[PDB]
>>> print(open('entry.txt').read())   # compact mmCIF, N, CA and C atoms and all ligand atoms
# COMPACT_ATOMS: atom_id res chain seq x y z
N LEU A 7 -33.20 59.49 -28.67
CA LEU A 7 -33.24 59.63 -30.18
C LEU A 7 -34.64 59.95 -30.70
N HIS A 8 -34.70 60.62 -31.86
CA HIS A 8 -35.98 60.87 -32.46
C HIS A 8 -36.02 60.62 -33.96
N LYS A 9 -37.21 60.21 -34.38
CA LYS A 9 -37.51 59.90 -35.76
C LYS A 9 -37.83 61.19 -36.48
N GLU A 10 -37.30 61.29 -37.68
CA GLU A 10 -37.54 62.45 -38.57
C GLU A 10 -37.97 61.97 -39.92
N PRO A 11 -38.79 62.77 -40.61
CA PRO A 11 -39.23 62.31 -41.91
C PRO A 11 -38.20 62.24 -43.03
N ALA A 12 -38.46 61.36 -43.96
CA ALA A 12 -37.73 61.28 -45.21
C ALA A 12 -38.60 60.55 -46.25
N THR A 13 -38.26 60.66 -47.53
CA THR A 13 -38.93 59.92 -48.55
C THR A 13 -37.90 59.15 -49.34
N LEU A 14 -38.32 58.02 -49.81
CA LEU A 14 -37.47 57.23 -50.66
C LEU A 14 -37.20 57.95 -51.98
N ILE A 15 -35.95 58.04 -52.35
CA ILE A 15 -35.60 58.35 -53.75
C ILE A 15 -35.28 57.12 -54.53
N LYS A 16 -34.34 56.29 -54.05
CA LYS A 16 -33.96 55.10 -54.84
C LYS A 16 -33.21 54.08 -53.99
N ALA A 17 -33.46 52.82 -54.23
CA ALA A 17 -32.67 51.74 -53.67
C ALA A 17 -31.26 51.83 -54.11
N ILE A 18 -30.32 51.42 -53.26
CA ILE A 18 -28.94 51.27 -53.68
C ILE A 18 -28.49 49.84 -53.40
N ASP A 19 -28.23 49.48 -52.14
CA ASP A 19 -27.89 48.10 -51.80
C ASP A 19 -28.34 47.69 -50.40
N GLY A 20 -27.75 46.66 -49.83
CA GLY A 20 -28.28 46.07 -48.63
C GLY A 20 -28.25 47.03 -47.48
N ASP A 21 -27.26 47.87 -47.51
CA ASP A 21 -27.14 48.81 -46.34
C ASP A 21 -27.06 50.32 -46.67
N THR A 22 -27.32 50.69 -47.93
CA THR A 22 -27.40 52.11 -48.32
C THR A 22 -28.64 52.30 -49.23
N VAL A 23 -29.12 53.52 -49.20
CA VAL A 23 -30.35 53.94 -49.84
C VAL A 23 -30.26 55.43 -50.06
N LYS A 24 -30.87 55.91 -51.16
CA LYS A 24 -31.02 57.28 -51.48
C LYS A 24 -32.37 57.79 -50.98
N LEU A 25 -32.33 58.73 -50.04
CA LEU A 25 -33.51 59.31 -49.46
C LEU A 25 -33.52 60.78 -49.62
N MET A 26 -34.70 61.36 -49.63
CA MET A 26 -34.75 62.84 -49.50
C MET A 26 -34.96 63.24 -48.04
N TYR A 27 -34.04 64.00 -47.48
CA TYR A 27 -34.08 64.38 -46.06
C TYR A 27 -33.95 65.90 -45.99
N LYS A 28 -34.86 66.52 -45.25
CA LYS A 28 -35.00 68.00 -45.19
C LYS A 28 -34.95 68.55 -46.61
N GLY A 29 -35.62 67.86 -47.50
CA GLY A 29 -35.72 68.34 -48.88
C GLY A 29 -34.50 68.19 -49.77
N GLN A 30 -33.46 67.47 -49.34
CA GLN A 30 -32.22 67.28 -50.10
C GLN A 30 -31.95 65.81 -50.30
N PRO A 31 -31.52 65.43 -51.50
CA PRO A 31 -31.15 64.04 -51.76
C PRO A 31 -29.88 63.69 -51.01
N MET A 32 -29.89 62.58 -50.27
CA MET A 32 -28.70 62.10 -49.60
C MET A 32 -28.62 60.60 -49.73
N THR A 33 -27.41 60.07 -49.81
CA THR A 33 -27.25 58.65 -49.59
C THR A 33 -27.10 58.42 -48.11
N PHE A 34 -27.89 57.47 -47.60
CA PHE A 34 -27.79 57.05 -46.22
C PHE A 34 -27.12 55.71 -46.11
N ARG A 35 -26.23 55.56 -45.12
CA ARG A 35 -25.63 54.28 -44.76
C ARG A 35 -26.19 53.85 -43.37
N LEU A 36 -26.74 52.65 -43.30
CA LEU A 36 -27.37 52.14 -42.07
C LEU A 36 -26.32 51.95 -40.98
N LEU A 37 -26.63 52.56 -39.84
CA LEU A 37 -25.79 52.34 -38.60
C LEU A 37 -25.75 50.93 -38.11
N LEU A 38 -24.56 50.54 -37.65
CA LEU A 38 -24.35 49.34 -36.85
C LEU A 38 -24.49 48.00 -37.63
N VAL A 39 -24.52 48.05 -38.99
CA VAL A 39 -24.67 46.82 -39.79
C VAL A 39 -23.77 46.79 -41.00
N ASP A 40 -23.55 45.59 -41.52
CA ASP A 40 -22.84 45.43 -42.77
C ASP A 40 -23.54 44.34 -43.47
N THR A 41 -24.08 44.67 -44.64
CA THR A 41 -24.55 43.66 -45.58
C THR A 41 -23.43 43.31 -46.57
N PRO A 42 -23.46 42.08 -47.11
CA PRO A 42 -22.52 41.71 -48.20
C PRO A 42 -22.70 42.66 -49.39
N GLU A 43 -21.62 42.97 -50.11
CA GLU A 43 -21.73 43.70 -51.37
C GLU A 43 -22.51 42.87 -52.37
N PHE A 50 -23.15 43.55 -53.31
CA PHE A 50 -24.04 42.90 -54.22
C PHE A 50 -23.31 41.74 -54.94
N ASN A 51 -22.03 41.97 -55.24
CA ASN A 51 -21.13 40.94 -55.82
C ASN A 51 -20.89 39.68 -54.97
N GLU A 52 -21.06 39.79 -53.64
CA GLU A 52 -20.83 38.68 -52.69
C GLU A 52 -22.07 37.82 -52.40
N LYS A 53 -21.85 36.69 -51.73
CA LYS A 53 -22.92 35.84 -51.32
C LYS A 53 -23.88 36.57 -50.37
N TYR A 54 -25.17 36.42 -50.66
CA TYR A 54 -26.28 37.08 -49.96
C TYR A 54 -26.36 38.59 -50.17
N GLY A 55 -25.47 39.15 -51.00
CA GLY A 55 -25.58 40.55 -51.46
C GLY A 55 -26.83 40.89 -52.19
N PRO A 56 -27.08 40.21 -53.30
CA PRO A 56 -28.38 40.34 -53.93
C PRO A 56 -29.58 40.24 -53.00
N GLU A 57 -29.56 39.25 -52.09
CA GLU A 57 -30.69 39.00 -51.22
C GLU A 57 -30.83 40.15 -50.21
N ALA A 58 -29.71 40.62 -49.73
CA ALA A 58 -29.77 41.80 -48.83
C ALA A 58 -30.32 43.03 -49.53
N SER A 59 -29.83 43.30 -50.73
CA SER A 59 -30.31 44.42 -51.52
C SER A 59 -31.76 44.36 -51.73
N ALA A 60 -32.25 43.16 -52.08
CA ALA A 60 -33.64 42.99 -52.35
C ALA A 60 -34.53 43.12 -51.17
N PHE A 61 -34.05 42.59 -50.04
CA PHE A 61 -34.73 42.74 -48.82
C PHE A 61 -34.86 44.23 -48.46
N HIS A 62 -33.74 44.94 -48.46
CA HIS A 62 -33.78 46.38 -48.19
C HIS A 62 -34.70 47.15 -49.16
N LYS A 63 -34.58 46.84 -50.45
CA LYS A 63 -35.36 47.54 -51.46
C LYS A 63 -36.84 47.34 -51.22
N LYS A 64 -37.23 46.09 -50.99
CA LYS A 64 -38.65 45.81 -50.74
C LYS A 64 -39.20 46.47 -49.51
N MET A 65 -38.43 46.43 -48.43
CA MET A 65 -38.89 46.97 -47.20
C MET A 65 -39.17 48.47 -47.33
N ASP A 66 -38.30 49.17 -48.06
CA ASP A 66 -38.40 50.64 -48.10
C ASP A 66 -39.46 51.04 -49.13
N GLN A 67 -39.62 50.26 -50.19
CA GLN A 67 -40.56 50.65 -51.25
C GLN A 67 -42.01 50.30 -50.91
N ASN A 68 -42.20 49.26 -50.12
CA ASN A 68 -43.52 48.95 -49.57
C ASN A 68 -43.96 49.89 -48.44
N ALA A 69 -43.03 50.64 -47.84
CA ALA A 69 -43.39 51.48 -46.71
C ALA A 69 -44.27 52.66 -47.14
N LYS A 70 -45.26 52.98 -46.34
CA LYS A 70 -45.97 54.22 -46.49
C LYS A 70 -45.16 55.41 -46.03
N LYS A 71 -44.39 55.22 -44.97
CA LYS A 71 -43.68 56.26 -44.27
C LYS A 71 -42.26 55.77 -43.99
N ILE A 72 -41.27 56.51 -44.48
CA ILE A 72 -39.88 56.25 -44.15
C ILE A 72 -39.47 57.32 -43.13
N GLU A 73 -38.75 56.90 -42.07
CA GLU A 73 -38.18 57.83 -41.15
C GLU A 73 -36.70 57.54 -40.92
N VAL A 74 -35.98 58.60 -40.64
CA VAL A 74 -34.60 58.47 -40.23
C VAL A 74 -34.42 58.88 -38.80
N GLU A 75 -33.51 58.18 -38.12
CA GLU A 75 -33.19 58.46 -36.72
C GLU A 75 -31.68 58.51 -36.61
N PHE A 76 -31.13 59.72 -36.34
CA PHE A 76 -29.73 59.86 -36.13
C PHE A 76 -29.44 59.50 -34.66
N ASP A 77 -28.24 59.01 -34.43
CA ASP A 77 -27.73 58.67 -33.12
C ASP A 77 -27.10 59.93 -32.55
N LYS A 78 -26.35 59.79 -31.46
CA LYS A 78 -25.82 60.95 -30.70
C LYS A 78 -24.59 61.57 -31.31
N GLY A 79 -23.89 60.80 -32.16
CA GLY A 79 -22.62 61.19 -32.73
C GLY A 79 -22.66 61.70 -34.16
N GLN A 80 -21.60 61.41 -34.87
CA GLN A 80 -21.43 61.73 -36.27
C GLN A 80 -22.70 61.42 -37.06
N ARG A 81 -23.22 62.40 -37.78
CA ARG A 81 -24.41 62.18 -38.64
C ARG A 81 -24.07 61.96 -40.10
N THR A 82 -22.85 62.25 -40.51
CA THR A 82 -22.39 62.01 -41.89
C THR A 82 -21.06 61.29 -41.83
N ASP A 83 -20.77 60.32 -42.71
CA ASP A 83 -19.48 59.67 -42.62
C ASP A 83 -18.49 60.37 -43.58
N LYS A 84 -17.32 59.79 -43.75
CA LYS A 84 -16.29 60.46 -44.51
C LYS A 84 -16.56 60.58 -46.01
N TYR A 85 -17.54 59.81 -46.47
CA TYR A 85 -17.95 59.79 -47.85
C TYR A 85 -19.19 60.69 -48.10
N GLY A 86 -19.58 61.39 -47.06
CA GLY A 86 -20.77 62.25 -47.03
C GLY A 86 -22.08 61.49 -46.91
N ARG A 87 -22.02 60.20 -46.61
CA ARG A 87 -23.27 59.46 -46.37
C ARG A 87 -23.86 59.78 -45.03
N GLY A 88 -25.20 59.92 -44.96
CA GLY A 88 -25.87 60.06 -43.69
C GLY A 88 -25.80 58.76 -42.95
N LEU A 89 -25.58 58.84 -41.66
CA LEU A 89 -25.56 57.65 -40.79
C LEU A 89 -26.79 57.71 -39.93
N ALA A 90 -27.64 56.70 -40.08
CA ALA A 90 -28.90 56.66 -39.35
C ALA A 90 -29.45 55.29 -39.18
N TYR A 91 -30.37 55.20 -38.21
CA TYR A 91 -31.32 54.02 -38.19
C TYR A 91 -32.52 54.40 -39.03
N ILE A 92 -32.88 53.50 -40.00
CA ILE A 92 -33.94 53.82 -40.90
C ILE A 92 -35.13 52.95 -40.58
N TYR A 93 -36.33 53.56 -40.55
CA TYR A 93 -37.58 52.86 -40.19
C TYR A 93 -38.54 52.87 -41.35
N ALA A 94 -39.18 51.72 -41.56
CA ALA A 94 -40.16 51.52 -42.68
C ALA A 94 -41.51 51.16 -42.02
N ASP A 95 -42.43 52.13 -41.97
CA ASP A 95 -43.69 51.98 -41.25
C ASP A 95 -43.44 51.55 -39.80
N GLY A 96 -42.56 52.30 -39.11
CA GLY A 96 -42.22 52.03 -37.73
C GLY A 96 -41.24 50.88 -37.45
N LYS A 97 -40.91 50.07 -38.46
CA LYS A 97 -40.09 48.89 -38.25
C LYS A 97 -38.66 49.24 -38.68
N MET A 98 -37.69 48.93 -37.83
CA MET A 98 -36.33 49.37 -38.12
C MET A 98 -35.70 48.45 -39.12
N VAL A 99 -35.27 49.02 -40.22
CA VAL A 99 -34.67 48.26 -41.33
C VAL A 99 -33.35 47.60 -40.88
N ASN A 100 -32.55 48.38 -40.18
CA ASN A 100 -31.27 47.86 -39.73
C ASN A 100 -31.49 46.54 -38.96
N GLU A 101 -32.41 46.56 -38.01
CA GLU A 101 -32.68 45.43 -37.16
C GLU A 101 -33.22 44.27 -37.97
N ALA A 102 -34.14 44.54 -38.86
CA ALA A 102 -34.77 43.50 -39.73
C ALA A 102 -33.75 42.82 -40.57
N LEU A 103 -32.81 43.57 -41.15
CA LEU A 103 -31.70 42.93 -41.90
C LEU A 103 -30.90 41.98 -41.02
N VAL A 104 -30.54 42.40 -39.81
CA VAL A 104 -29.76 41.53 -38.95
C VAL A 104 -30.63 40.30 -38.57
N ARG A 105 -31.92 40.52 -38.24
CA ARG A 105 -32.77 39.43 -37.73
C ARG A 105 -32.91 38.36 -38.79
N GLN A 106 -32.84 38.75 -40.04
CA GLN A 106 -32.96 37.79 -41.19
C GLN A 106 -31.64 37.15 -41.61
N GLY A 107 -30.57 37.39 -40.89
CA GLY A 107 -29.33 36.83 -41.32
C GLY A 107 -28.79 37.41 -42.62
N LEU A 108 -29.19 38.64 -42.95
CA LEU A 108 -28.75 39.33 -44.18
C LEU A 108 -27.74 40.46 -43.89
N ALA A 109 -27.52 40.75 -42.61
CA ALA A 109 -26.44 41.67 -42.20
C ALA A 109 -25.82 41.16 -40.92
N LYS A 110 -24.57 41.52 -40.73
CA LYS A 110 -23.90 41.40 -39.44
C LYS A 110 -23.92 42.74 -38.70
N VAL A 111 -24.00 42.64 -37.37
CA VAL A 111 -23.68 43.80 -36.56
C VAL A 111 -22.22 44.12 -36.81
N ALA A 112 -21.91 45.41 -36.98
CA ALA A 112 -20.60 45.83 -37.47
C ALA A 112 -20.49 47.32 -37.31
N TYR A 113 -19.27 47.79 -37.38
CA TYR A 113 -19.01 49.21 -37.37
C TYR A 113 -19.61 49.95 -36.14
N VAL A 114 -19.37 49.39 -34.97
CA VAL A 114 -19.94 49.86 -33.74
C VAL A 114 -18.93 50.80 -33.17
N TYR A 115 -19.08 52.05 -33.52
CA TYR A 115 -18.20 53.11 -33.00
C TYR A 115 -18.81 53.78 -31.74
N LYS A 116 -17.99 54.05 -30.72
CA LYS A 116 -18.54 54.59 -29.46
C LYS A 116 -19.25 55.92 -29.72
N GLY A 117 -20.38 56.16 -29.07
CA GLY A 117 -21.14 57.41 -29.29
C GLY A 117 -22.13 57.47 -30.44
N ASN A 118 -22.10 56.49 -31.35
CA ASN A 118 -23.21 56.19 -32.27
C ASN A 118 -23.53 54.73 -32.14
N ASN A 119 -23.85 54.26 -30.96
CA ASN A 119 -24.15 52.87 -30.79
C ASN A 119 -25.35 52.63 -29.88
N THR A 120 -26.34 53.53 -29.92
CA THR A 120 -27.50 53.44 -29.04
C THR A 120 -28.24 52.09 -29.18
N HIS A 121 -28.43 51.63 -30.41
CA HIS A 121 -29.18 50.36 -30.64
C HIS A 121 -28.33 49.10 -30.78
N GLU A 122 -27.12 49.13 -30.27
CA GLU A 122 -26.20 48.01 -30.34
C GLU A 122 -26.79 46.77 -29.78
N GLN A 123 -27.23 46.84 -28.53
CA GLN A 123 -27.67 45.59 -27.92
C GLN A 123 -28.99 45.05 -28.54
N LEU A 124 -29.91 45.92 -28.95
CA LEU A 124 -31.05 45.49 -29.71
C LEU A 124 -30.69 44.66 -30.95
N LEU A 125 -29.72 45.20 -31.73
CA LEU A 125 -29.26 44.51 -32.92
C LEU A 125 -28.48 43.21 -32.66
N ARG A 126 -27.67 43.16 -31.64
CA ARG A 126 -26.94 41.94 -31.30
C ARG A 126 -27.93 40.88 -30.85
N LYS A 127 -29.05 41.29 -30.20
CA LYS A 127 -30.05 40.32 -29.82
C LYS A 127 -30.63 39.71 -31.08
N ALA A 128 -30.94 40.54 -32.07
CA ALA A 128 -31.43 40.04 -33.36
C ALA A 128 -30.45 39.09 -34.05
N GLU A 129 -29.17 39.46 -34.02
CA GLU A 129 -28.13 38.63 -34.65
C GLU A 129 -28.05 37.27 -33.97
N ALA A 130 -28.16 37.26 -32.67
CA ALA A 130 -28.14 35.98 -31.97
C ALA A 130 -29.29 35.11 -32.38
N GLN A 131 -30.47 35.69 -32.55
CA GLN A 131 -31.63 34.91 -32.98
C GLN A 131 -31.45 34.38 -34.40
N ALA A 132 -30.98 35.24 -35.31
CA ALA A 132 -30.61 34.81 -36.65
C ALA A 132 -29.62 33.67 -36.67
N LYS A 133 -28.58 33.73 -35.83
CA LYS A 133 -27.55 32.69 -35.85
C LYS A 133 -28.15 31.36 -35.35
N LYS A 134 -28.99 31.46 -34.33
CA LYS A 134 -29.61 30.27 -33.74
C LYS A 134 -30.44 29.57 -34.83
N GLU A 135 -31.17 30.36 -35.63
CA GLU A 135 -32.02 29.82 -36.69
C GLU A 135 -31.23 29.46 -37.93
N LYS A 136 -29.94 29.75 -37.93
CA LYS A 136 -29.06 29.42 -39.04
C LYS A 136 -29.49 30.08 -40.34
N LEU A 137 -29.93 31.33 -40.26
CA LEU A 137 -30.49 32.03 -41.40
C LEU A 137 -29.40 32.63 -42.27
N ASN A 138 -29.49 32.37 -43.57
CA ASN A 138 -28.74 33.05 -44.56
C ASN A 138 -27.23 33.05 -44.32
N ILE A 139 -26.67 34.19 -43.92
CA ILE A 139 -25.25 34.29 -43.65
C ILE A 139 -24.79 33.26 -42.58
N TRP A 140 -25.68 32.92 -41.65
CA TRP A 140 -25.33 31.99 -40.55
C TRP A 140 -25.70 30.55 -40.91
N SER A 141 -25.93 30.28 -42.19
CA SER A 141 -26.31 28.91 -42.63
C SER A 141 -25.11 28.07 -43.08
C1 LIG B 1 -21.40 52.14 -40.99
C2 LIG B 1 -20.23 53.10 -40.98
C3 LIG B 1 -19.25 53.03 -41.96
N1 LIG B 1 -18.25 53.95 -42.01
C4 LIG B 1 -17.16 53.90 -42.99
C5 LIG B 1 -16.13 52.93 -42.40
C6 LIG B 1 -15.63 52.17 -43.58
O1 LIG B 1 -14.51 52.90 -44.15
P1 LIG B 1 -13.72 52.22 -45.39
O2 LIG B 1 -14.45 52.66 -46.64
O3 LIG B 1 -12.42 52.97 -45.31
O4 LIG B 1 -13.58 50.74 -45.25
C7 LIG B 1 -16.85 52.23 -44.51
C8 LIG B 1 -17.69 50.96 -44.59
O5 LIG B 1 -18.87 51.30 -45.32
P2 LIG B 1 -19.33 50.20 -46.38
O6 LIG B 1 -19.57 48.89 -45.66
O7 LIG B 1 -20.59 50.77 -46.99
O8 LIG B 1 -18.18 50.01 -47.35
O9 LIG B 1 -17.65 53.32 -44.17
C9 LIG B 1 -18.16 54.92 -40.97
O10 LIG B 1 -17.23 55.77 -40.99
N2 LIG B 1 -19.10 55.06 -40.03
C10 LIG B 1 -20.10 54.14 -39.93
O11 LIG B 1 -20.91 54.26 -39.01
CA CA B 2 -21.50 46.80 -46.98
>>> encode(input="entry.txt", output="structure tokens")
Amino acid sequence: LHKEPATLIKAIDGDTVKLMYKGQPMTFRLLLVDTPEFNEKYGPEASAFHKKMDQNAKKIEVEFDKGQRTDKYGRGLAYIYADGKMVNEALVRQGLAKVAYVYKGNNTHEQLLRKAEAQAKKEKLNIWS
């Protein structure tokens, strides 16, 4: 996999964000995770965590996996990095997302993220509290 540039356009929620990619506005949905909807418990906290991470970043990058790059709603599917740190993983490590939606052929970082989820659960963080 490789990292490609993007710039933040706007926060959306815990697991989606509006980015400019190859000069076009797209909504991105984070691979391999599910944050609570803003209406649900820890939704606000997930949104805020995601928003802060991306807005504090100097450099946002997107990394597509081997499979589908857009989902059925036209959202980009990617691992998103904020100054080299993977947002998807950070959400799971903080107990603000579950590993989820692991479809074969776009699951390169599955085991990395499950390792994070296990550490979050052990610490009883947020969703695992
Ligand atoms: C994360 C992800 C979600 N999706 C689709 C599956 C779910 O369809 P449904 O809308 O029919 O439930 C939905 C979950 O996204 P959200 O969690 O953002 O709702 O997005 C994919 O197709 N590929 C993916 O990699
Ligand atoms: Ca969600």
>>> residues_near_ligand(input="entry.txt", ligand="ligand LIG 1 (chain B)", cutoff="7 Å", atoms="all atoms listed in the file", output="ChimeraX atom specification")
/A:21-22,35-41,82-85,89,112-115
>>> residues_around(input="entry.txt", residues="residue A:15", least_positions_apart="3", cutoff="7 Å", atoms="all atoms listed in the file", output="ChimeraX atom specification")
/A:23-26
>>> residues_around(input="entry.txt", residues="residue A:63", least_positions_apart="6", cutoff="7 Å", atoms="all atoms listed in the file", output="number ranges by chain")
A: 17-20
>>> closest_residue(input="entry.txt", among="A:109, A:12, A:139, A:102", to="ligand CA 2 (chain B)", atoms="only C-alpha atoms and all ligand atoms")
A:109
>>> select_by_dssp(input="entry.txt", residues="stretch 62-117 of chain A", states="alpha helix (DSSP H)", output="list in words")
residues 62, 63, 64, 65, 66, 67, 68, 99, 100, 101, 102, 103, 104 and 105 of chain A
>>> write_last_selection(input="entry.txt", atoms="N, CA and C atoms", output="PDB file, in the coordinates of the input")
ATOM      1  N   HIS A  62     -33.740  44.940 -48.460  1.00  0.00           N
ATOM      2  CA  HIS A  62     -33.780  46.380 -48.190  1.00  0.00           C
ATOM      3  C   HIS A  62     -34.700  47.150 -49.160  1.00  0.00           C
ATOM      4  N   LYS A  63     -34.580  46.840 -50.450  1.00  0.00           N
ATOM      5  CA  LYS A  63     -35.360  47.540 -51.460  1.00  0.00           C
ATOM      6  C   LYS A  63     -36.840  47.340 -51.220  1.00  0.00           C
ATOM      7  N   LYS A  64     -37.230  46.090 -50.990  1.00  0.00           N
ATOM      8  CA  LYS A  64     -38.650  45.810 -50.740  1.00  0.00           C
ATOM      9  C   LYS A  64     -39.200  46.470 -49.510  1.00  0.00           C
ATOM     10  N   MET A  65     -38.430  46.430 -48.430  1.00  0.00           N
ATOM     11  CA  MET A  65     -38.890  46.970 -47.200  1.00  0.00           C
ATOM     12  C   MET A  65     -39.170  48.470 -47.330  1.00  0.00           C
ATOM     13  N   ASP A  66     -38.300  49.170 -48.060  1.00  0.00           N
ATOM     14  CA  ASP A  66     -38.400  50.640 -48.100  1.00  0.00           C
ATOM     15  C   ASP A  66     -39.460  51.040 -49.130  1.00  0.00           C
ATOM     16  N   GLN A  67     -39.620  50.260 -50.190  1.00  0.00           N
ATOM     17  CA  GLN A  67     -40.560  50.650 -51.250  1.00  0.00           C
ATOM     18  C   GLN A  67     -42.010  50.300 -50.910  1.00  0.00           C
ATOM     19  N   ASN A  68     -42.200  49.260 -50.120  1.00  0.00           N
ATOM     20  CA  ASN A  68     -43.520  48.950 -49.570  1.00  0.00           C
ATOM     21  C   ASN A  68     -43.960  49.890 -48.440  1.00  0.00           C
ATOM     22  N   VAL A  99     -35.270  49.020 -40.220  1.00  0.00           N
ATOM     23  CA  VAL A  99     -34.670  48.260 -41.330  1.00  0.00           C
ATOM     24  C   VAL A  99     -33.350  47.600 -40.880  1.00  0.00           C
ATOM     25  N   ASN A 100     -32.550  48.380 -40.180  1.00  0.00           N
ATOM     26  CA  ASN A 100     -31.270  47.860 -39.730  1.00  0.00           C
ATOM     27  C   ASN A 100     -31.490  46.540 -38.960  1.00  0.00           C
ATOM     28  N   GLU A 101     -32.410  46.560 -38.010  1.00  0.00           N
ATOM     29  CA  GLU A 101     -32.680  45.430 -37.160  1.00  0.00           C
ATOM     30  C   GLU A 101     -33.220  44.270 -37.970  1.00  0.00           C
ATOM     31  N   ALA A 102     -34.140  44.540 -38.860  1.00  0.00           N
ATOM     32  CA  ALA A 102     -34.770  43.500 -39.730  1.00  0.00           C
ATOM     33  C   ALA A 102     -33.750  42.820 -40.570  1.00  0.00           C
ATOM     34  N   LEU A 103     -32.810  43.570 -41.150  1.00  0.00           N
ATOM     35  CA  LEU A 103     -31.700  42.930 -41.900  1.00  0.00           C
ATOM     36  C   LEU A 103     -30.900  41.980 -41.020  1.00  0.00           C
ATOM     37  N   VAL A 104     -30.540  42.400 -39.810  1.00  0.00           N
ATOM     38  CA  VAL A 104     -29.760  41.530 -38.950  1.00  0.00           C
ATOM     39  C   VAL A 104     -30.630  40.300 -38.570  1.00  0.00           C
ATOM     40  N   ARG A 105     -31.920  40.520 -38.240  1.00  0.00           N
ATOM     41  CA  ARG A 105     -32.770  39.430 -37.730  1.00  0.00           C
ATOM     42  C   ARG A 105     -32.910  38.360 -38.790  1.00  0.00           C
TER      43      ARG A 105
END
>>> closest_residue(input="entry.txt", among="A:99, A:111, A:137, A:14", to="ligand CA 2 (chain B)", atoms="only C-alpha atoms and all ligand atoms")
A:111
>>> residues_around(input="entry.txt", residues="residue A:138", least_positions_apart="4", cutoff="6.5 Å", atoms="all atoms listed in the file", output="PyMOL selection string")
chain A and resi 106-108
>>> closest_residue(input="entry.txt", among="A:104, A:66, A:13, A:74", to="residue A:92", atoms="only C-alpha atoms")
A:74
>>> decode(input="entry.txt", residues="stretch 80-91 of chain A", atoms="N, CA, C and O atoms", output="PDB file, in the first residue's frame")
ATOM      1  N   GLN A  80     -11.911  -2.516  -3.548  1.00  0.00           N
ATOM      2  CA  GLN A  80     -12.836  -1.426  -3.769  1.00  0.00           C
ATOM      3  C   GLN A  80     -12.315  -0.133  -3.153  1.00  0.00           C
ATOM      4  O   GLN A  80     -11.935  -0.142  -1.976  1.00  0.00           O
ATOM      5  N   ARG A  81     -12.225   0.926  -3.952  1.00  0.00           N
ATOM      6  CA  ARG A  81     -11.804   2.249  -3.438  1.00  0.00           C
ATOM      7  C   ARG A  81     -12.952   3.191  -3.155  1.00  0.00           C
ATOM      8  O   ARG A  81     -12.747   4.195  -2.503  1.00  0.00           O
ATOM      9  N   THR A  82     -14.147   2.878  -3.641  1.00  0.00           N
ATOM     10  CA  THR A  82     -15.349   3.685  -3.371  1.00  0.00           C
ATOM     11  C   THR A  82     -16.458   2.752  -2.921  1.00  0.00           C
ATOM     12  O   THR A  82     -16.545   1.667  -3.441  1.00  0.00           O
ATOM     13  N   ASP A  83     -17.306   3.114  -1.951  1.00  0.00           N
ATOM     14  CA  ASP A  83     -18.355   2.190  -1.570  1.00  0.00           C
ATOM     15  C   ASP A  83     -19.636   2.529  -2.358  1.00  0.00           C
ATOM     16  O   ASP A  83     -19.638   3.373  -3.213  1.00  0.00           O
ATOM     17  N   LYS A  84     -20.739   1.892  -1.999  1.00  0.00           N
ATOM     18  CA  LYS A  84     -21.940   2.042  -2.790  1.00  0.00           C
ATOM     19  C   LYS A  84     -22.595   3.423  -2.726  1.00  0.00           C
ATOM     20  O   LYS A  84     -23.549   3.734  -3.511  1.00  0.00           O
ATOM     21  N   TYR A  85     -22.163   4.206  -1.744  1.00  0.00           N
ATOM     22  CA  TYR A  85     -22.647   5.553  -1.529  1.00  0.00           C
ATOM     23  C   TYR A  85     -21.714   6.619  -2.147  1.00  0.00           C
ATOM     24  O   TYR A  85     -21.883   7.854  -1.895  1.00  0.00           O
ATOM     25  N   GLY A  86     -20.710   6.131  -2.848  1.00  0.00           N
ATOM     26  CA  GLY A  86     -19.653   6.942  -3.472  1.00  0.00           C
ATOM     27  C   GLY A  86     -18.604   7.443  -2.487  1.00  0.00           C
ATOM     28  O   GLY A  86     -17.880   8.376  -2.781  1.00  0.00           O
ATOM     29  N   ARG A  87     -18.612   6.937  -1.265  1.00  0.00           N
ATOM     30  CA  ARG A  87     -17.551   7.322  -0.317  1.00  0.00           C
ATOM     31  C   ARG A  87     -16.254   6.635  -0.640  1.00  0.00           C
ATOM     32  O   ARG A  87     -16.264   5.448  -0.875  1.00  0.00           O
ATOM     33  N   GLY A  88     -15.119   7.362  -0.529  1.00  0.00           N
ATOM     34  CA  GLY A  88     -13.825   6.754  -0.647  1.00  0.00           C
ATOM     35  C   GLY A  88     -13.581   5.881   0.551  1.00  0.00           C
ATOM     36  O   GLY A  88     -13.952   6.274   1.687  1.00  0.00           O
ATOM     37  N   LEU A  89     -12.990   4.731   0.313  1.00  0.00           N
ATOM     38  CA  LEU A  89     -12.614   3.804   1.398  1.00  0.00           C
ATOM     39  C   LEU A  89     -11.113   3.827   1.496  1.00  0.00           C
ATOM     40  O   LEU A  89     -10.417   3.267   0.645  1.00  0.00           O
ATOM     41  N   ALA A  90     -10.626   4.244   2.659  1.00  0.00           N
ATOM     42  CA  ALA A  90      -9.189   4.368   2.881  1.00  0.00           C
ATOM     43  C   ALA A  90      -8.789   4.293   4.311  1.00  0.00           C
ATOM     44  O   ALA A  90      -9.601   4.431   5.269  1.00  0.00           O
ATOM     45  N   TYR A  91      -7.490   4.022   4.486  1.00  0.00           N
ATOM     46  CA  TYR A  91      -6.843   4.326   5.820  1.00  0.00           C
ATOM     47  C   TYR A  91      -6.335   5.756   5.751  1.00  0.00           C
ATOM     48  O   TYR A  91      -5.791   6.236   4.805  1.00  0.00           O
TER      49      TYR A  91
END
